[PDB]
Amino acid sequence: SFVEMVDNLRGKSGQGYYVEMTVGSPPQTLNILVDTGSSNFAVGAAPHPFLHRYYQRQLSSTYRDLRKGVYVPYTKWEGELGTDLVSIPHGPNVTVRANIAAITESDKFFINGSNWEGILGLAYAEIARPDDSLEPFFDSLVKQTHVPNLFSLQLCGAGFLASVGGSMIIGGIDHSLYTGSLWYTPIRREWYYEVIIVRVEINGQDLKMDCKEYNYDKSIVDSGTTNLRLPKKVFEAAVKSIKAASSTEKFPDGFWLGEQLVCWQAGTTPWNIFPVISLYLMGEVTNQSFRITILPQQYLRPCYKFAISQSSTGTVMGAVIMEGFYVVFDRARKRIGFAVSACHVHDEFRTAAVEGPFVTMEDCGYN
Ligand SMILES: COc1ccc([C@]2([C@]34C[C@H]5C[C@H](C[C@H](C5)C3)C4)N=C(N)N(C)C2=O)cc1C
């Protein structure tokens, strides 16, 4: 019953959504970031100033050492590979033996005060560390249980660091979580959750770009990223258009750079000054697409910060984008569904939307 998975997610604004999990025998309780942007089940397994709890392998009778290290530098974290029994108390009623990367040392990986101690990489083996032979959690879950190869995310944010809530429905779609129709965009390739954006408008105004630019060098849906992140050329075009629309009110550049914050007081925020943003995603039929339309309430995150920023690794549809909608990761049919969320924030003049069809290319993909 999905009803027991409702509101199984919590977090702090800007610091991700986490679900409660247990690992080991007896069960060790840990909060684990839901991350569709990576593919490793990786959990703090040694003391760290930002961790108040951590996985203690020696306390687990069901821990098995894989005798294999793993080192992941970026911008880092290193750990030791093992397997153990994992459950999600407010998830499916099963227990699976899953790969676990036990993080023993890290640098700028954990977040102070996030309240989570590990990461649940929900993307595909191709991008797993150290390599694609380390079966991701969800793969193990499906193989080991009768849980359908699908999960869905309703991220709700805060609404009026702020506390956020949401739901991760594993193995199905909870119709109470959304209104209207679900529209599906193909998963272009099973590594990240890669999709194709075929067009984008700001307040109805088409950015008029070669659609390859929207997916340069790729477009992904990533719960583990807070912001809508856009390729350099698309970002600049987006900000320009947004600056203009909100002209009647000038802000510091630091704000547009996602650095400085902008403040009003108690429901005086002039939301109407900021334009909506429509992302058209490739449909299940070639020259057919649909749009998801987001409000300023989504891309101005709480005083507010500009939750749109520049990317050098392609477009990233992160939390603030997912927060408007109910997002279905239909792995079984290689597609991602979008519908209007039951919990999305909106005012009395505009509302987040998912609408289709809109006729438009397979040539929007950037190899
Ligand atoms: C296996 O290694 C990784 C796993 C996850 C991530 C992150 C990360 C990295 C930090 C910061 C934030 C939250 C959590 C810790 C996961 C994103 N998750 C996403 N989606 N992104 C874009 C990341 O940078 C990064 C790495 C290197």
Side-chain angles (χ1 to χ4, degrees), residues 9-19 21 30-45 48-51 54-55 68-82 98-139 151 153 155 164 166 168 191-195 217-231 258 301 307-323 327 329 336:
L9 269 36
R10 278 284 184 287
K12 285 297 188 185
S13 180
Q15 300 176 328
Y17 293 83
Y18 58 81
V19 62
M21 294 182 77
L30 310 161
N31 283 334
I32 307 297
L33 183 77
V34 170
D35 190 11
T36 60
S38 67
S39 302
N40 283 81
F41 185 44
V43 184
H48 185 279
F50 296 154
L51 296 187
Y54 65 84
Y55 176 38
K68 189 181 307 180
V70 51
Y71 173 62
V72 188
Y74 62 90
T75 289
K76 69 95 176 66
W77 72 269
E78 42 189 295
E80 311 181 339
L81 298 183
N99 284 318
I100 306 175
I103 312 173
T104 51
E105 165 63 332
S106 63
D107 179 22
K108 277 174 288 179
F109 181 78
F110 301 111
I111 303 174
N112 187 30
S114 61
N115 203 35
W116 54 259
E117 294 95 23
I119 302 305
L120 175 63
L122 291 164
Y124 302 92
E126 190 183 311
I127 57 174
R129 307 300 204 286
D131 58 64
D132 69 12
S133 72
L134 191 70
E135 176 176 87
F137 173 87
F138 204 86
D139 291 77
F151 67 92
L153 296 170
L155 304 192
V164 300
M168 168 169 67
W191 56 324
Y192 296 91
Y193 288 103
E194 184 194 0
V195 301
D217 69 311
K218 70 177 186 293
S219 288
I220 76 173
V221 186
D222 185 3
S223 63
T225 290
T226 297
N227 285 358
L228 170 52
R229 304 187 65 237
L230 301 170
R301 72 168 190 93
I308 307 188
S309 55
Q310 188 175 131
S311 171
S312 302
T313 56
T315 293
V316 186
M317 301 173 57
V320 291
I321 306 314
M322 303 181 61
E323 286 174 2
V327 187
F329 299 71
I336 292 173

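Sequential numbering from 1 along the given sequence is applied to the chain's residues. Note that ligands are numbered from 1 as they come in the structure, with each ligand's atoms numbered from 1 the same way.
There is a protein heavy atom less than 4.0 angstrom from atom 4 (C) of ligand 1. Distances from atom 25 (C) of ligand 1 to the protein include no heavy-atom value under 4.0 Å.
Side-chain atoms of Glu117 do not come within 3.5 Å of backbone N or O of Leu30 as any donor-acceptor pair. Counting only distance, with no hydrogens or angles, the side chain of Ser39 and the backbone of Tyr124 share a donor-acceptor pair below 3.5 Å. At distances below 3.5 Å, not a single donor-acceptor pair connects side-chain atoms of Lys12 with backbone N or O atoms of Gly113. The main-chain N or O of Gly318 is never found under 3.5 Å from a side-chain atom of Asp222 such that the two would form a donor-acceptor pair. Side chain of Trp116 to backbone of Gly16: no donor-acceptor contact under 3.5 angstrom is found.
Within the 4.0 Å heavy-atom criterion, neither part of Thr36 lies near ligand 1.
Distance check: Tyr18 OH to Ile119 CD1 gives 12.5 Å after rounding to the nearest 0.5 Å.
Looking from atom 12 (C) of ligand 1 to the surrounding protein, the closest heavy atom is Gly224 O, 4.0 Å. The shortest contact between atom 27 (C) of ligand 1 and any protein heavy atom is with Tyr74 CD2, 3.5 Å. Among all non-hydrogen protein atoms, the one lying nearest atom 19 (C) of ligand 1 is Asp35 OD2, 3.4 Å.
No heavy atom of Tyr18 sits closer than 4.0 Å to any atom of ligand 1.
Using cut-offs of 30° and 60° for the angle between ring planes, the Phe138 and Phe151 rings count as tilted. The aromatic rings of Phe137 and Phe41 sit tilted, their planes meeting at an angle between 30° and 60°.
Using a 4.0 Å cut-off to heavy atoms of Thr225, the atoms of ligand 1 that qualify are 22 (C). Ligand 1 places these atoms under 4.0 Å from at least one heavy atom of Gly37: 20 (N). Near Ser38, meaning under 4.0 Å from any of its heavy atoms, are these atoms of ligand 1: 4 (C), 5 (C). Near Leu33, meaning under 4.0 Å from any of its heavy atoms, are these atoms of ligand 1: 13 (C), 14 (C). Short contacts between ligand 1 and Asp222, defined as distances under 4.0 Å to a heavy atom of the residue, involve ligand atoms 19 (C), 20 (N), 21 (N), 22 (C).
Both the sub-6.0 Å distance and the 45° axial angle are not jointly satisfied by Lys76 relative to the ring of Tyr71.
Considering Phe41, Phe109, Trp77 only, the shortest heavy-atom separation from atom 10 (C) of ligand 1 involves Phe109.
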